[PDB]
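**Student:**
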Amino acid sequence: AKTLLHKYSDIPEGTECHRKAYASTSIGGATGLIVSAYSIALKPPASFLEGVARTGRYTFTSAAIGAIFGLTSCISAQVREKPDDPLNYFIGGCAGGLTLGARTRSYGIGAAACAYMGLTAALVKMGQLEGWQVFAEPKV
Amino acid sequence: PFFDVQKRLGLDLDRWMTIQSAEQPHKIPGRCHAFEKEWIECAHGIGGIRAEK
Amino acid sequence: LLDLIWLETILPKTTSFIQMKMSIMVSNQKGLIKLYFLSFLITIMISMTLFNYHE
Amino acid sequence: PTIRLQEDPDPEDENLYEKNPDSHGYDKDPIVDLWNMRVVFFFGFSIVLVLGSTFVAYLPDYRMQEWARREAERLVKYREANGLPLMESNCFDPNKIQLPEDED
Amino acid sequence: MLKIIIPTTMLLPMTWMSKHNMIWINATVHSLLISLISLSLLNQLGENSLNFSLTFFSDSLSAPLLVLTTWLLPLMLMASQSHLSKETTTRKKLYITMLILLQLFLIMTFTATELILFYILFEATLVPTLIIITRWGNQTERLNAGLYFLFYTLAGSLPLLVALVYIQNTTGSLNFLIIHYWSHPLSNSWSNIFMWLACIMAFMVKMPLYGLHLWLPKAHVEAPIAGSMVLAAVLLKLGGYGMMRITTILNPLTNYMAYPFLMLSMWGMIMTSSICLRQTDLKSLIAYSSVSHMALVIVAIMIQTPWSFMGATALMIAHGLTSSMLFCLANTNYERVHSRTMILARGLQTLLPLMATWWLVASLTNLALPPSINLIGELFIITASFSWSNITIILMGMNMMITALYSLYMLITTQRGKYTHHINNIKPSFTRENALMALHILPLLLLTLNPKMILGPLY
Amino acid sequence: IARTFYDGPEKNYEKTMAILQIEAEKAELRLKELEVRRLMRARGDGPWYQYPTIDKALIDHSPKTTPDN
Amino acid sequence: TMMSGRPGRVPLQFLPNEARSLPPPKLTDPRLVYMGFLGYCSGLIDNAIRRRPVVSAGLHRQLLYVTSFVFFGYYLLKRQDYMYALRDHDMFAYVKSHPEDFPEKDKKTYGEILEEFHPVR
Amino acid sequence: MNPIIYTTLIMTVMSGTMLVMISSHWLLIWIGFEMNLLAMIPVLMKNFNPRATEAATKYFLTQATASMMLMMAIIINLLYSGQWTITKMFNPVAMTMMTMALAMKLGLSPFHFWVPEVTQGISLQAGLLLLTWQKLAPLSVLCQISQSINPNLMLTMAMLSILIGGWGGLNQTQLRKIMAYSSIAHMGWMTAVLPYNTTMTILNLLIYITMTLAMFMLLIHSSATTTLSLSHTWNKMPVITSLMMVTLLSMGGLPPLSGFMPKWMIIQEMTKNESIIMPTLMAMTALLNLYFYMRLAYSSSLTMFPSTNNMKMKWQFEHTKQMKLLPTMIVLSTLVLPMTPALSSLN
Amino acid sequence: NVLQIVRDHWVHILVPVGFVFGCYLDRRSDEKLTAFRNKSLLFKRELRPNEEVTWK
Ligand SMILES: CCCCCCCCCCCCCCCCCC(=O)OC[C@H](COP(=O)([O-])OCC(O)COP(=O)([O-])OC[C@@H](COC(=O)CCCCCCCCCCCCCCCCC)OC(=O)CCCCCCCCCCCCCCCCC)OC(=O)CCCCCCCCCCCCCCCCC
Ligand SMILES: CCCCCCCCCCCCCCCCCC(=O)OC[C@H](COP(=O)([O-])OCC(O)COP(=O)([O-])OC[C@@H](COC(=O)CCCCCCCCCCCCCCCCC)OC(=O)CCCCCCCCCCCCCCCCC)OC(=O)CCCCCCCCCCCCCCCCC
Ligand SMILES: CCCCCCCCCCCCCCCCCC(=O)OC[C@H](COP(=O)([O-])OCC(O)COP(=O)([O-])OC[C@@H](COC(=O)CCCCCCCCCCCCCCCCC)OC(=O)CCCCCCCCCCCCCCCCC)OC(=O)CCCCCCCCCCCCCCCCC
Ligand SMILES: CCCCCCCCCCCCCCCCC[C@@H](O)O[C@H](CO[C@H](O)CCCCCCCCCCCCCCC)COP(=O)(O)OCC[N+](C)(C)C
Ligand SMILES: CCCCCCCC/C=C\CCCCCCCC(=O)O[C@H](COC(=O)CCCCCCC/C=C/CCCCCCCC)COP(=O)(O)OCCN
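Residue numbers (PDB author numbering), protein chains in the order written: chain V, 2 to 141; chain h, 2 to 54; chain l, 552 to 606; chain e, 51 to 154; chain r, 1 to 459; chain a, 121 to 189; chain g, 2 to 122; chain i, 1 to 347; chain n, 3 to 58.
#1: Between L101 of chain e and chain a, is the shortest Cβ-Cβ distance under 9 angstroms, so that the two count as touching?
#2: Nearest chain g C-beta to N251 of chain r closer than 9 angstroms, yes or no?
#3: Between the Cα of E14 of chain V and the Cα atoms of V:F91, V:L5, V:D85 and V:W133, which residue gives the shortest distance?
#4: Using 8 angstroms as the threshold, is the stretch 296 to 311 of chain r in touch with the stretch 260 to 269 of chain r, meaning 3 or more CB pairs across them?
#5: Could you tell me whether the stretch 429 to 448 of chain r touches the stretch 66 to 85 of chain e, where touching means 3 or more Cβ pairs closer than 8 angstroms?
#6: Find the residues of chain r that neighbour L130 of chain V, judging by a C-beta separation of less than 8 angstroms, and give them in chain order.
#7: Whose CA, out of r:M243, r:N399 and r:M294, lies closest to the CA of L277 of chain r?
#8: Kindly indicate which residue of g:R53, g:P100 and g:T29 has the alpha-carbon position closest to the one of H319 of chain i.
#9: Just to confirm, is the Cβ distance from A180 of chain i to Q120 of chain i under 9 angstroms?
#10: Quick check on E155 of chain a - is its C-beta less than 9 angstroms from some C-beta in chain g?
#11: What would DSSP say about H7 of chain V, mapped onto helix, strand or coil?
#12: Check the C-beta distance from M342 of chain r over to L282 of chain r and give it rounded, since I have them as a contact under 8 angstroms.
#13: Any chance you could list the alpha helix (DSSP H) runs of at least 4 consecutive residues sitting entirely within the stretch 273 to 338 of chain r, in chain order?
#14: What are the start and end residues of the alpha helix (DSSP H) that includes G227 of chain r?
#15: Write down every uninterrupted run of the alpha helix (DSSP H) in the stretch 122 to 199 of chain i whose length is 4 residues or greater and which is fully enclosed by it, in chain order.
#16: Using beta carbons (cut-off 9 angstroms, strictly below), is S5 of chain g in contact with chain h?
#17: Below 8 angstroms on the Cβ atoms is my guess for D47 of chain g versus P255 of chain i; work out the distance and round it to an integer in Å.
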């Protein structure tokens with residue numbers, strides 16, 4: 002659960018690239034498993050083997066996205082010696098988008114995923130820096 | 002939401018069964034009558050926010 | 552190249568295409584109660600082991 | 051029917067000059083058309099335009115610019131005669147400003 | 001200032017209570033009277049604005065825009081009573097109701113002292129324009145034009161509401177006087193950067209900016225004549241007025257944050273001026289000319305110097321008048337020929353001499369001929385930009401050259417040459433069209449006589 | 121024109137003074153209200169944000185057929 | 002919901018006796034005029050839907066519409082004013098009761114407050 | 001169905017929801033829910049056909065499952081504190097059960113699947129009842145236990161509801177499914193502000209009920225259940241089309257129309273306590289609802305679709321049974337924005 | 003012949019009476035902002051022997 006996000010976050014950003022990549026790929030694998038479960042429940046695969054194939058496809062794609070994102074972000078933050086910079090997360094997000102485009106074999110999907118995933122990862126980094134809240138606790 | 006008509010009219014439609022220390026038949030007490038009574042007395046006055054601290 | 556093609560492609564046409572795809576994906580259910588009741592079960596398991604586990 | 055609709059034929063343009071050689075291009079009925087022209091001309095060119103322009107041209111000097119010129123004349127006269135600088139660099143009195151005590 | 005608002009809300013039932021053949025006369029007469037009354041706000045104190053009440057105030061920037069709107073309504077009524085002759089009485093009254101409601105919302109927009117009220121009216125101006133465009137258009141593309149016009153505005157202006165409510169939660173007020181007196185600098189943080197973006201992008205897409213201008217050609221071509229007039233004359237100036245009002249809170253972030261918008265504005269001004277040359281349509285050329293002029297206004301507002309502000313105000317007023325006149329001139333030819341192609345009807349000077357003169361005057365005022373207020377605004381903006389950076393003069397001069405080129409190109413193609421030999425239904429010009437042209441053009445010259453009325457509050 | 125249509129500058133001056141006072145008071149009151157709401161929801165001791173508890177009048181203080189309770 | 006539970010609050014009163022110490026809204030109140038205008042609009046829409054002469058079909062019906070809207074609006078405005086007065090009263094009582102959380106800070110003049118200057122160039 | 005039986009079933013439905021809204025005991029609330037469902041099932045099947053039968057079956061199955069989860073939540077909360085009063089509900093697992101059960105009863109996503117189908121399978125009167133009246137009791141229970149409820153769970157379902165409502169409404173041509181998806185999207189907005197301020201929830205509920213009532217009553221007036229069937233009423237009752245277009249604009253969230261007031265107030269309330277991202281997402285998503293409302297308006301009044309020859313015979317007849325409250329609902333659905341400060345009379 | 007002309011041109015007074023009503027409402031709005039009349043530090047001035055208000 003949220004313990005996986007603790008695993009990803011408790012690691013200092015520009016250190017231990019292998020562990021951070023492992024945490025990111027675990028998060029991606031969990032997300033892919035959830036997506037595949039919903040897809041099977043709502044769109045039956047007509048056979049057990051095809052359902053397993055679809056589950057494996059979704060899980061592997063999501064795990065690849067997570068691994069590439071984490072690895073690229075950590076490496077870019079380490080070589081530039083400048084942590085706390087949204088550019089690193091943007092590069093990681095575009096790397097994940099290129100991975101998605103390669104997995105689905107679509108150049109346009111790849112470019113769009115680069116752009117949008119890089120943007121959203123950059124905003125996630127800025128929210129981490131400035132302390133933005135998605136589900137803010139009631140304060141008034 | 003909660004249109005409190007029992008409090009307005011003084012009817013007691015379903016308040017007799019809410020708690021454990023409220024007028025059981027033949028005066029049979031609940032297993033935790035004293036604890037619930039103590040909690041209710043301390044609890045009733047301050048409000049919900051202070052009642053948890 | 553700029554107005555009639557690319558400035559149309561980036562902001563409005565991309566938005567229309569994405570919303571079309573998502574509307575199609577959401578709004579194709581065969582109506583069988585079995586499938587989305589299974590989805591309800593998946594939602595129940597998720598919620599109980601992703602939200603209230605940490606308090 | 052080798053067609054798709056029970057559709058009216060597309061009407062051809064109606065010329066205002068055919069039934070009215072002096073039309074003014076406002077309406078079909080000549081009297082209301084002439085009066086529409088008359089009111090448009092009287093309230094656009096006669097009332098709003100000329101009277102409005104002569105009203106705007108004679109607005110009182112609420113912008114305080116002749117007043118500003120007179121103020122400048124008197125201040126220049128007084129300052130130059132006394133030997134004082136024509137204009138002073140500090141807009142406010144330095145005595146009423148409390149700068150930070152030190153910068154170390 | 002209810003002495004202007006209430007007469008419009010009385011224009012409504014008076015229009016609805018008129019005889020079947022007296023609606024145009026009454027509407028025109030009383031709208032002209034209301035514009036004459038609104039001409040009384042030009043008396044502005046040099047010190048501060050006129051604060052009539054807690055809700056409404058008038059500034060030196062608001063008064064020319066108010067006068068322009070009140071003067072615009074009668075011209076729109078005059079231009080609309082040609083293609084609506086076959087309409088029923090109820091639909092004519094509904095059209096006039098839309099025009100009157102648009103004027104009322106515009107009047108209440110330029111004088112609202114509170115930013116949320118300004119936003120509410122600024123967005124209330126969307127419903128009547130949309131109804132007009134999508135109900136009284138002519139081609140099948142009016143539906144897409146209306147959808148683009150609505151969604152480009154809304155997708156950029158919804159974040160503005162969040163920004164404004166957050167501002168009121170933080171500072172404690174949204175009244176413009178309190179905002180201006182209690183203004184404080186904005187630090188360099190991502191939160192403040194997105195605050196800048198939220199406050200700016202709504203007015204940017206209302207200008208429009210070069211990258212967000214795709215809705216303007218569709219809306220201005222597919223709308224009826226009154227819709228095009230009101231879009232190109234006043235509805236575009238809402239964004240400029242909004243930035244000139246909202247920029248006070250933004251500094252010092254704006255100096256750092258204006259580089260992409262300035263670059264887009266300058267280069268897109270060049271690009272749209274070049275696009276005007278290779279245009280096969282007549283209304284699209286005027287739409288792109290509007291885009292170029294409004295990009296110049298964007299540059300003026302963004303560099304944020306007093307000379308730039310005065311130039312922006314003058315250019316806004318001058319462009320409103322000129323673009324309205326050009327749209328009416330194109331509409332007359334469209335009514336004659338029933339097509340929008342430029343090269344269809346040629347050599348109209350030999351058939352319509354007075355319209356040839358009106359075309360010449362409109363084109364001359366479009367390319368900033370001295371000493372018209374168009375040139376005053378353009379020159380003030382150019383001088384302010386030159387002070388900002390000496391290299392901008394290259395882009396400004398190139399824009400001036402291309403503007404002259406496409407203006408004279410349109411004038412020569414539509415008016416000079418030989419006639420088309422097969423259009424024999426070009427009737428002589430009516431009195432209504434000539435009167436509309438004169439009422440468009442005379443105020444421009446009367447204003448260049450006394451240019452201090454339209455130079456804004458920085459004068 | 122100035123005698124017939126307009127007034128003196130002092131009227132506008134004092135009107136905008138009063139308007140500024142009103143708006144400043146409203147701004148201060150809004151900020152104070154936000155702070156008061158935050159404190160009263162955090163603490164819970166204020167009149168606002170009171171959540172209902174169990175009335176003590178429902179308890180029965182009578183012998184309970186067993187000595188202890 | 003901050004004010005749903007409050008001390009000494011009769012459940013379904015809609016107008017406590019404590020609200021009679023506030024000045025009632027004037028009968029020429031602009032909000033009441035807007036309520037009457039809403040009633041008139043509803044009457045006109047009623048006439049239009051039933052395919053009747055919109056302006057002058059039923060005068061008694063339009064009068065009833067207007068008077069019903071005004072009658073409800075009077076009490077709605079009374080309750081709204083009572084609730085806002087109650088909010089302000091509670092706010093002032095709380096700020097007085099807890100002086101340490103709302104201290105009176107110093108009053109510096111601009112002659113000694115140092116604000117950084119940002120040139121425009 | 002006999003009129004006495006119909007009116008007593010309607011009164012039993014209202015009695016069940018009132019029993020929910022006026023009870024302090026959890027058991028009485030559950031009894032009110034059971035009574036509401038029991039008397040609500042036949043109302044859907046007033047006009048018998050296979051579609052109505054299967055709509056009633058799906059509705060019954062969903063509501064029975066929700067009631068089972070709700071009673072399990074009540075029993076667990078009793079287990080960890082011998083209390084029956086509807087209060088904080090401290091226990092996290094029991095609170096999760098109650099929140100999910102009430103979401104399933106309301107139609108919030110991901111439990112939103114049943115609403116479009118049941119709405120399409122029943123008549124316009126039953127659809128009106130289902131979409132307006134059947135939201136009061138779960139919302140009342142949610143408002144009572146709002147402080148106890150977890151923000152993350154509540155927020156996630158509200159955002160999902162808004163997104164899925166918009167995307168589903170983008171596709172449908174049938175009017176009843178459009179109304180159902182719009183109802184889901186509005187439920188998202190109302191449950192979004194629930195943890196922060198229940199007064200905004202009540203205000204949004206009131207305005208949504210008014211708008212939905214006006215829209216359904218106009219749809220009943222011009223007896224059309226599809227887009228093309230609604231495209232004919234311009235040739236019979238143009239005033240109805242104009243009023244419907246104005247109401248559809250109001251539903252979209254445009255200002256100066258009233259519909260905007262709940263959206264504006266919810267954004268303002270969520271901003272008071274440092275929730276900036278969520279209101280922005282909800283507004284940009286409600287743009288989709290506006291889009292498909294606008295498509296319906298284009299089809300309905302702003303254009304003129306081809307008509308049929310038999311409409312000439314309808315031209316000669318008047319609508320016999322007239323809805324008395326339609327004009328008031330239209331006026332309250334459109335022109336009530338200037339009276340925003342009167343929302344203080346709700347707390 | 004006052005009958006027909008009045009019953010056909012009674013609408014030509016709505017705008018003028020609206021203007022008069024607007025002026026009257028503006029005057030009333032001015033009447034509620036007299037909190038600093040003859041109290042501003044710039045225009046503070048002793049009254050004339052007969053007048054009672056600096057402005058209305
Ligand atoms: C308090 C609240 C909590 C409540 C919950 C409490 C639950 C706990 C107690 C439950 C005890 C069970 C008692 C009775 C249950 C009733 C069962 C029933 O009635 O069956 C009807 C139902 C309908 O029967 P039918 O339609 O008449 O006959 C259809 C034909 O048989 C064949 O049909 P077909 O061949 O024509 O169609 C193809 C095939 C399709 O089948 C498939 O394609 C299977 C695909 C699954 C993927 C395989 C995994 C591969 C990767 C795994 C990775 C693991 C992590 C490692 C890291 C990454 C490495 C990759 O069938 C389907 O289309 C249906 C799909 C259903 C599959 C199983 C459903 C489980 C939940 C839904 C999620 C699906 C899993 C996705 C992946 C999730 C992660 C693993 O039967 C079935 O759906 C299949 C048989 C089910 C038997 C097992 C049921 C027990 C499990 C229940 C779920 C609860 C979780 C269990 C414990 C969890 C820990 C807490
Ligand atoms: C706001 C004002 C106005 C703005 C509006 C206007 C501007 C915006 C709109 C225009 C830009 C949008 C283009 C982006 C991608 C769209 C392509 C597309 O639709 O995909 C589906 C489309 C068709 O979909 P499909 O059905 O799956 O494929 C069927 C194909 O027919 C089958 O094709 P094929 O298999 O026969 O052959 C294709 C294949 C074989 O390749 C070729 O055939 C020809 C080679 C083309 C790409 C190879 C790269 C070498 C050329 C790049 C040279 C430098 C670029 C300029 C920098 C100058 C430096 C001073 O291509 C590749 O394999 C290349 C893979 C990846 C290479 C791309 C990396 C280069 C990016 C440039 C970096 C610049 C950094 C910043 C520097 C500037 C600042 C100082 O795919 C393509 O065919 C084209 C893909 C390759 C085009 C790359 C062009 C990118 C230009 C720079 C992008 C940066 C701007 C965006 C920022 C965020 C992105 C990170
Ligand atoms: C902010 C300031 C105030 C502004 C507030 C907003 C405006 C006012 C409030 C609105 C509600 C009031 C009226 C609405 C219901 C009226 C129903 C209607 O259809 O009217 C037709 C009716 C004409 O029918 P008729 O005379 O029986 O015979 C012809 C047949 O009806 C033949 O009829 P037909 O059915 O055969 O005609 C077909 C037509 C029939 O369809 C229609 O006529 C459309 C009906 C309007 C929609 C109602 C919307 C509900 C209210 C929401 C307003 C939204 C405001 C926000 C801004 C956005 C605008 C959308 O359908 C079409 O043509 C389809 C074209 C599609 C166009 C799409 C536009 C539709 C929406 C436009 C709404 C504009 C706002 C309302 C303005 C007034 C319009 C009457 O008009 C009237 O005669 C009454 C109008 C009001 C009279 C005011 C008089 C006041 C008292 C007189 C003296 C004044 C003071 C004296 C004292 C002086 C001191 C001494
Ligand atoms: C079609 C036209 C539509 C409108 C276009 C609007 C343009 C909006 C773009 C915003 C301009 C600037 C935004 C942020 C300001 C600085 C950007 C960056 O270049 O500065 C560097 C920042 O380093 C990195 O570049 C950060 C940005 C990297 C991630 C952002 C994504 C940018 C890629 C392009 C995305 C596409 C944008 C348009 C979407 C459609 C300097 O580093 P540093 O001085 O230490 O930090 C500056 C910020 N501080 C001071 C608040 C801390
Ligand atoms: C025609 C289409 C045009 C589309 C334009 C849309 C983009 C508008 C720009 C962003 C709008 C949202 C910004 C939020 C509004 C202001 C809120 C604010 O100022 O608060 C910020 C919050 O800032 C944010 O949350 C921003 C999150 C952004 C999420 C949505 C991003 C939308 C797309 C991003 C890129 C768009 C920008 C450029 C687009 C150019 C046009 C294509 C500070 O948070 P605090 O609670 O005060 O805490 C700080 C102290 N601890």
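No residue lacks a Cβ here, since even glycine has one placed at the ideal position from N, Cα and C.
**Tutor:** Working from what's here:
#1: no
#2: Chain g, which has a Cβ nearer than 9 angstroms to the Cβ of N251 of chain r, makes this yes.
#3: For the set V:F91, V:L5, V:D85 and V:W133, the Cα lying nearest the Cα of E14 of chain V is the one of V:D85.
#4: yes
#5: yes
#6: Taking a Cβ-Cβ threshold of 8 angstroms, the residues of chain r close to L130 of chain V are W190, in chain order.
#7: r:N399
#8: g:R53
#9: Less than 9 angstroms separates the beta-carbon of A180 of chain i from that of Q120 of chain i.
#10: yes
#11: DSSP places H7 of chain V in helix when its eight states are reduced to three.
#12: Confirmed, Cβ separation roughly 5 angstroms.
#13: 283 to 303 and 306 to 337
#14: For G227 of chain r, the enclosing alpha helix (DSSP H) covers residues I225 to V230.
#15: 124 to 132, 136 to 144, 151 to 169 and 175 to 192
#16: yes
#17: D47 of chain g to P255 of chain i, Cβ: 26 angstroms. No contact.
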